[PDB]
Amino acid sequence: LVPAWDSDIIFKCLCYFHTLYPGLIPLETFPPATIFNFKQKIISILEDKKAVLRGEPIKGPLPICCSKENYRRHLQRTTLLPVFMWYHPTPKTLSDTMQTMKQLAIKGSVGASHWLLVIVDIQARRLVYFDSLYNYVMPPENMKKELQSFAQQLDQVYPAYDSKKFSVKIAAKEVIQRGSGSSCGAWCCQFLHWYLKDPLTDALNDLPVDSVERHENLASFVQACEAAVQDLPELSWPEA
């Protein structure tokens, strides 16, 4: 009784978050990033930011629902990439992950599929990894090491003025989404909103223990989001 946010409603919620926090670029979720290509996707966005900062053309392709001029403006302004990752345990490649996702979508079934969020905070030079199921993909200390290596590539790809290094944070210390099959999308957008309000958010440590109470507060958050996006344009990037 707090249902599944698909890629559509996650996208709209991100558009809405942009209008509150312009630094956030509302990256599309169709087709989404995966465990296999999220690094390439991020690198490619930051190379496009660098290009735009130099008045150069961009490479990486246009988002489907965004004009070229508007995308450039977003890339210029953005200080935060919300990368939504669609995962399933069975597929072993990008090609198979894509094929699996298309199969469950064309059946409208859920499966063992799951949303993760990686936040690239460019201002703070911080990678934040949020898994509402704690270790659905791999243990957190292993994700940490994998992301620290990634963080060193980003130091080369997107240097700071003073060689300040990208740091890594694993957000969830425990399973957050307790006894719920479907709430992973919503949790991702809740955590993102907390982070936009306060990048040093302790909101995950401050949760109620009671799983039901927790999911009621989330149901609140979800209704407030659904109200705010009701009138907002469909399949259409906000103008930066």
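Quick note: we count residues from 1 along the sequence shown, nothing fancier.
Student: Of 152-160 and 93-101, which one has the bigger average CA B-factor?
Tutor: Higher of the two, by average CA B-factor, is 93-101.
Student: Between 211-219 and 167-175, point out the one with the higher average CA B-factor as the PDB entry records it.
Tutor: Per the PDB record, 211-219.
Student: Among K41, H193, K50, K59, single out the one with the highest C-alpha B factor in the record, please.
Tutor: Among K41, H193, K50, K59, the highest C-alpha B-factor in the entry belongs to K59.
Student: Per the coordinate record, which of the options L80, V83, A124, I106 holds the highest CA temperature factor?
Tutor: Of the candidates given, the C-alpha B-factor peaks at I106.
Student: Taking the C-alpha B-factors as the PDB entry records them, is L14 in the lowest, middle or highest third of its chain?
Tutor: Lowest third - that is where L14 ends up once the chain's C-alpha B-factors are sorted.
Student: What third of the chain does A33 rank in for C-alpha temperature factor, lowest, middle or highest?
Tutor: As the PDB entry reports it, the C-alpha B-factor of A33 lands in the middle third of its chain.
Student: Which third, lowest, middle or highest, does the CA B-factor of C66 fall in along this chain?
Tutor: Answer is middle: the recorded C-alpha B-factor places it there.
Student: Against its chain's modelled residues, does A186's Cα B factor rank lowest, middle or highest third?
Tutor: Answer is lowest: the recorded C-alpha B-factor places it there.
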